[PDB]
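Undergrad: Once you've had a glance at the structure underneath, I'll fire off some questions.
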Amino acid sequence: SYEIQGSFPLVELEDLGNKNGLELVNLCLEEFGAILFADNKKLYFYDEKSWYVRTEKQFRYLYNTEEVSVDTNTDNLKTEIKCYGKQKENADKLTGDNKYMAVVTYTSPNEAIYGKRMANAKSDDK
Amino acid sequence: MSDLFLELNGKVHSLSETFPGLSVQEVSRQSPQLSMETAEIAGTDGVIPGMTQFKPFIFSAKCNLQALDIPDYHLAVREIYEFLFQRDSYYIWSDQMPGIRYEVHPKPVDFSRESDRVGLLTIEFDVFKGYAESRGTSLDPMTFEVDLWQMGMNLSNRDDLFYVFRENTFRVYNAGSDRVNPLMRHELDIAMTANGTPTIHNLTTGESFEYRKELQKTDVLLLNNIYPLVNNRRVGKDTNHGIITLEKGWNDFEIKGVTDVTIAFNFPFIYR
């Protein structure tokens, strides 16, 4: 049995089905951004707001912690991206970005701290 | 006079009686090996103790062998080696404290040949349970003719100690130095016969064992260690899987849901 506790957006999907229960549950978690916790055979699906509960317990250095480690990676630090929408019917007859009705370049504000770091273009044809 | 008694295969053998040429000079017992599970946090002082535990220790007996002649000496040495070293652990106790026994395994000890017919020995038995236990269980009566109880076994000289009860609320006295817990590989048996659906509560410890079926007076409920049975049939699925424990000293027990209760406790005392 399943229970839902929270608010989630609508997601458009193609030919849903032909999968086991766990695959569909993982798909739900990845798409709707839910968090799954199971009371034995009863699966509760929360959102970020209703999952975490604030507590007065705290982690203090030299008091109840021994080794603290932070791993930081900046191999994928990108602040600019170019994306293309669907493809026009007269794609062969057209040239350049005119092949797509939707072409947009997004630049994050964090560029002001890191400069322009543009990544490989991603294409969504839907 | 000192002597050492060995319980092996259900038979009690006196070391001096079995080997006439061998006499026990002295016995001794290593102190309990206390060990706190320390946890260290770098930058702070000292350690954070966990739960104190007790490591296995050594019971030693200094003795000598006096033989008639050299072939007799060699034969006696071989026979002593055959007798002491067995496949499985056995029990030992001493004349000095004949009410406390240890489950032990022998250790390699070499004869020290001093003359052509005399040899000194210092037998060492490793006791691995980490504790000593009484020779008799709680079911044995506290009577003189039983010849089992001695002084220094923490017997309360202020009130009677019985381990069979006929009412729904009583007190049971654990005289040992450790809390009797079957989860710690301790020996503990409860035999209760009554009518109805039973529930046993140890108030001092705060534990509760619950059985969820009707019981008749003819059926005996036996909890041995961590196994509950009725008529020697496992019924763990029909219980709450709780287990009771006996704290040091007095434990207040209350039984609910049944009438004409007859409950008996059978466990040995844990010393150290």
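Each chain in the structure tokens gets a letter, A, B, ..., in the order shown, and its residues are numbered from 1; ligands are numbered from 1 in order too.
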Could you pull out the alpha helix (DSSP H) residues of region 70-248 of chain B from DSSP and send them as a PyMOL selection string?
TA: chain B and resi 70-84
Undergrad: Considering only C-alpha atoms, extract the chain A residues located within 12 Å of chain B and return them as a ChimeraX atom specification.
TA: /A:61-68
Undergrad: Please identify all polymer residues within 9 Å of region 4-8 of chain A, counting only C-alpha atoms, omitting same-chain residues fewer than 3 positions from it, and present them as a VMD selection string.
TA: chain A and resid 32 to 34 43 to 51
Undergrad: Find the distance between CA of residue 27 (chain B) and CA of residue 97 (chain B) and write it in Å to one decimal.
TA: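 About the pair CA of residue 27 (chain B) and CA of residue 97 (chain B): they are 10.3 Å apart.
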Undergrad: Do a neighbour search on residue 2 (chain B) at 12 Å with only C-alpha atoms, toss out local chain neighbours closer than 2 positions, and write the hits as number ranges by chain.
TA: B: 4-5, 14-17, 22-28, 61-63, 93-98
Undergrad: Which value, in Å to one decimal, gives the distance between CA of residue 3 (chain A) and CA of residue 55 (chain A)?
TA: 24.4 Å
Undergrad: Have a look at CA of residue 56 (chain B) and CA of residue 125 (chain B) and let me know their distance in Å, one decimal.
TA: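 We find that CA of residue 56 (chain B) and CA of residue 125 (chain B) lie 10.5 Å from each other.
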Undergrad: Need to verify the contact set: residue 124 (chain B), 6 Å, only C-alpha atoms, exclusion of same-chain residues closer than 5 positions in sequence. Can you return it as an MDAnalysis selection string?
TA: chainID B and resid 59:60 107
Undergrad: Write the selection just made, keeping N, CA and C atoms, as a compact mmCIF listing (two decimals), in the first residue's frame?
TA:
```txt
# COMPACT_ATOMS: atom_id res chain seq x y z
N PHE B 59 42.59 -19.90 36.50
CA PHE B 59 42.57 -20.52 37.82
C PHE B 59 43.76 -21.46 37.91
N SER B 60 44.63 -21.23 38.88
CA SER B 60 45.89 -21.96 38.97
C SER B 60 45.91 -22.86 40.20
N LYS B 107 45.27 -25.81 30.11
CA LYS B 107 46.32 -25.10 29.41
C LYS B 107 47.61 -25.90 29.45
```
Undergrad: Fewer than 5 positions away in the same chain doesn't count, so skip those; otherwise give me all residues within 7 Å of residue 50 (chain B), counting only C-alpha atoms, as a PDB file with N, CA, C and O atoms, in the first residue's frame.
TA:
```pdb
ATOM      1  N   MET B  36      36.857  -1.804  30.009  1.00  0.00           N
ATOM      2  CA  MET B  36      35.885  -0.831  29.535  1.00  0.00           C
ATOM      3  C   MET B  36      36.136  -0.548  28.060  1.00  0.00           C
ATOM      4  O   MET B  36      37.278  -0.328  27.645  1.00  0.00           O
ATOM      5  N   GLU B  37      35.068  -0.578  27.267  1.00  0.00           N
ATOM      6  CA  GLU B  37      35.167  -0.369  25.825  1.00  0.00           C
ATOM      7  C   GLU B  37      35.385   1.117  25.579  1.00  0.00           C
ATOM      8  O   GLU B  37      34.445   1.886  25.375  1.00  0.00           O
ATOM      9  N   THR B  38      36.652   1.520  25.601  1.00  0.00           N
ATOM     10  CA  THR B  38      36.997   2.928  25.498  1.00  0.00           C
ATOM     11  C   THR B  38      36.783   3.447  24.081  1.00  0.00           C
ATOM     12  O   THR B  38      37.015   2.748  23.092  1.00  0.00           O
TER      13      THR B  38
END
```
